[PDB]
Every structure is written in C-alpha cells, then in structure tokens.
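Input: a single structure, listed below in structure tokens.
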Amino acid sequence: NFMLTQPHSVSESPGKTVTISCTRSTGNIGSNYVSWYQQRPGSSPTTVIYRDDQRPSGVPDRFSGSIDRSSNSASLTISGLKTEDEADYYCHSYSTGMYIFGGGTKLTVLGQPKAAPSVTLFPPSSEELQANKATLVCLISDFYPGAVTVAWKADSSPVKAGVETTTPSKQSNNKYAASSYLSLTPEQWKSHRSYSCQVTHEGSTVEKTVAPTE
Amino acid sequence: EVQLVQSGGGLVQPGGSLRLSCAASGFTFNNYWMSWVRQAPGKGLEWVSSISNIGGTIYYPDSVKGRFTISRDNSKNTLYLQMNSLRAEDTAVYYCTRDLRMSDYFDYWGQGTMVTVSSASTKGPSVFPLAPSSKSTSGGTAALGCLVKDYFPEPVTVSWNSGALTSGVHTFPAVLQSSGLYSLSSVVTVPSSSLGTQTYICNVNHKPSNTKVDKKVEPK
C-alpha cells in the first residue's frame with residue numbers, strides 16, 4: 001500500500017525539455033510497471049507511457065519514460081515542448097489488488113513572463129463577528145505559472161481544519177488567480193495573536209499575517 | 001477505433017443511489033479487464049473499481065468498499081457501476097477505462113460522467129464588507145472588497161457603485177465549501193486618498209434566490 005509522489009508543478013519554454021518525477025514511498029519502484037497519463041484542461045486522460053518506457057501509437061518520441069532505482073523514482077521526460085503539451089501528468093503503478101496514482105503534476109509551457117503572486121489578506125468584518133461567525137479571506141492574484149499551494153497558520157501552528165481553497169483560474173490578463181478562506185469562531189479569532197496565509201509559488205513563499213488586535 | 005460511451009450519473013442527495021454505464025465498441029469485451037477511475041473537481045485521479053474479463057475477480061479500494069458495485073454484461077459489451085449510500089465526497093467525474101491487465105495500465109479512457117452528491121438547496125448569500133485599513137494598503141493604494149458567503153447555487157454577479165467603478169475591480173471565482181455552499185469575494189484597489197471622499201458600494205445579485213444586496217464598504 002505505497003504512495004507515488006510527484007512535484008506539484010513544472011514549467012519550461014517551447015522547444016525545451018522538462019522532466020516530471022514520480023517517487024515511490026515503500027517498496028522498489030522497479031517491482032511494478034509505471035505508466036503515465038496526460039490530462040489536458042477540461043479533458044479526459046490519455047496514456048503517454050506504459051511499461052515504464054513504452055509509447056502508445058500516436059504518442060510522439062518527444063515523450064520518454066525512465067526508471068531510477070537509486071532514487072526509487074520513475075520519470076517522464078518531454079523534449080521539444082509544444083503548447084499542446086500543457087496538461088496535468090499522472091504516474092500510476094499497480095500492486096496486489098490496489099491501483100495507485102501519483103498526485104499529479106501541472107506542466108506549464110511558458111507563454112509569458114513568470115510572475116510571483118500578489119497576496120491580500122482580510123480579517124473578519126465587524127458585521128460577521130457580530131453575526132457570530134468569522135472568515136479570513138486570502139486573495140491571490142497575478143501569478144504565472146498558474147500553480148500555487150496555500151497553507152494557514154494560527155499563531156505559529158499549521159491549520160488542518162476550516163480551510164477552503166480554490167483551483168487557480170486564468171484572469172483576463174492571462175495570469176492566474178486563486179483564493180483561500182479560513183473559518184473561525186469569533187472566540188477563536190480573539191484568542192490568537194495572529195493568523196497567516198502562506199502562498200507557495202515555484203518553491204518560494206509569500207506570507208501575509210493579520211492580527212485580531214489590529 | 002475503440003469507443004467507450006458513457007451515460008448515467010447526475011445529481012443525488014446523500015444516501016442516494018446512481019448507476020453509471022459504459023458501452024464499448026472496437027474490441028471484444030470478454031478479452032479485457034475494465035475499471036472505473038474518478039476525479040473530484042480540482043483533485044487527482046482515484047481508482048474506484050476493477051473487474052476481470054469474466055467477472056471472476058473484482059477489486060475495490062477501501063474508499064468505496066461496501067457501497068459501490070462494479071459489474072459487466074459481456075454479451076452487451078457494457079460495463080456498469082452501481083453507486084449506493086452516496087456521500088458528498090463521492091462528487092466527481094467518473095471515467096470508464098479499458099485495462100491491459102498484464103501490463104498494469106489503462107489503455108483507453110471514456111470521456112467521463114459527472115456525479116454530484118449534495119443536500120444543498122437554494123440559499124441567498126450573506127454579504128460582508130472587507131474594509132480598507134492601513135493593513136490592506138500598499139504604497140498609496142488601498143484594497144477594499146466584499147465577501148459573498150454561503151450561497152447556492154451558482155452564479156452570483158458583483159458590480160461596484162452600480163457599474164460606475166470598474167477599474168481595479170477583481171471578482172474571484174467562487175469556492176465550493178465542504179458545507180456544500182459557495183462563497184466568493186470581490187476586491188477593488190483605489191487610491192488611499194479617495195477613502196475619505198468616495199463612497200464604495202458593492203452590488204451583489206444572486207438571481208437563483210431572488211436576492212440583491214447593496215453593501216456599503218466603509219474605511220476602518
């Protein structure tokens with residue numbers, strides 16, 4: 001009952017080469033065949049690699065698969081990147097009546113300059129607190145590539161409940177936006193010194209904090 | 001060419017039941033294992049069930065064991081998924097797949113069938129101001145907005161000052177919360193020097209509940 005772990009996202013320019021890794025937590029990656037699936041936005045998946053390194057008919061040799069046992073990983077490599085390659089990619093392995101998927105990697109084929117997210121964090125309104133509710137609002141805009149992860153902290157402790165986060169969506173200027181919400185009671189809000197919304201984009205973070213004492 | 005033509009699905013309440021169908025052409029059914037794989041909105045692929053050529057062997061993950069039943073009719077080249085005791089977490093696009101069992105992969109995928117499990121019903125939003133303050137201002141520009149909380153179904157529209165304020169307005173796509181209700185926010189950036197001279201009102205329209213809210217957003 002293993003896991004397959006992939007990077008959240010990768011990106012490269014047209015014509016370049018990119019690699020997506022798939023690391024197996026327990027057991028040997030070479031013990032079971034690895035396959036790879038391409039899923040374009042709003043589309044059903046299709047197979048791009050099977051039996052570790054075999055291509056289906058109609059998949060060009062720009063796509064290749066490999067196995068690195070020393071790192072217990074499988075890798076999908078795409079050369080000569082084209083716009084049509086922009087998609088989420090999933091690795092897969094089977095063992096003992098269980099079918100395991102990696103978490104997916106978003107591949108962006110860069111079509112504009114990269115941009116770090118702008119983050120604005122609002123505290124609960126007085127009106128909401130007086131209605132016995134409290135929502136923190138983390139607005140994330142103007143980032144490219146369109147892949148982020150969002151984490152919240154209460155004082156210094158990671159928050160594991162009450163978080164709702166959107167998928168990134170393309171803005172009219174072709175960069176991306178997302179939002180995240182933290183639900184609290186008014187007593188929770190008042191009893192902590194600060195809350196933080198932490199946005200990770202391309203392995204670097206932007207974190208905003210708000211405090212009930214303003 | 002291989003075809004996997006899906007039907008069924010739709011909307012049910014928690015505890016309800018649905019049957020998915022996948023009709024196949026371009027290969028002989030009894031020569032292949034078949035599977036179901038699902039994908040919740042914005043999330044990854046999750047295998048649901050597999051059945052051998054003959055039905056002699058069936059596998060489920062723990063997430064659906066005792067609730068979902070895979071079956072096949074080889075004389076009709078059709079695969080089924082009977083979904084009982086449904087819950088909100090089962091909301092997903094469900095894909096039929098043809099498997100190559102000896103190579104451990106899914107070589108063809110259907111176009112998918114959406115299944116939605118929800119007890120949510122029509123509900124107008126609770127609208128709250130997101131007030132500008134020193135803490136929402138950056139180098140002379142203030143952000144203000146309004147929070148449109150806990151409505152169903154989509155959509156909501158937001159304007160500012162009855163459409164007179166458009167520059168700097170950003171209305172974010174809604175989040176579907178684990179409560180089954182939606183929330184969204186709209187923010188506008190304005191000069192901080194305008195906070196004492198201009199009135200800012202967000203105009204929220206939720207036609208499904210026949211509700212409109214005009215919320216004044218005052219500086220702190």
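Labeling convention for the structure tokens: chains A, B, ... as they appear, residues from 1 per chain, ligands from 1 in order of appearance.
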Notebook entry, point to check: When the cut-off is 7 Å and we count only C-alpha atoms, which residues of chain B are near chain A, given as a ChimeraX atom specification?
Noted result: /B:42,44-47,59,61,103-105,107-109,111-112,128-130,136,175,177
Next item on the list: Show which residues sit within 6 Å of residue 50 in chain B, as an MDAnalysis selection string. Count only C-alpha atoms, and ignore same-chain residues fewer than 6 positions away.
Entry: chainID B and resid 34:35 58:59
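Our summary of the geometry notes that CA of residue 62 in chain B is positioned 18.9 Å from CA of residue 93 in chain B.
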Next item on the list: Mind checking which residues fall within 10 Å of residue 28 in chain B, counting only C-alpha atoms, ignoring those fewer than 2 positions away in the same chain, and posting them as a PyMOL selection string?
Entry: chain B and resi 24-26+30-32+53+74-75+77
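Proximity to residue 9 in chain B was assessed for B:73, B:90, B:218, B:154 counting only C-alpha atoms; the smallest distance is recorded for B:90.
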Next item on the list: Fewer than 4 positions away in the same chain doesn't count, so skip those; otherwise give me all residues within 6 Å of range 114-118 of chain B, counting only C-alpha atoms, as a ChimeraX atom specification.
Entry: /B:9-14,87-88,91-93
Checklist line | Expected answer as a PyMOL selection string: strand (DSSP E) residues in range 59-201 of chain B | finding: chain B and resi 59+68-73+78-83+92-100+105-109+113-117+126-130+137-138+141-151+157-160+169-171+175-176+182-191+201
Next item on the list: Quick one: everything within 6 Å of residue 150 in chain B, counting only C-alpha atoms, minus sequence neighbours fewer than 3 positions away in the same chain. Send it as a PyMOL selection string.
Entry: chain B and resi 125+181-183
Item checked: Neighbour list for range 21-31 of chain A as a count of residues only, cut-off 6 Å, only C-alpha atoms, skip fewer than 5 positions in-chain -> 9
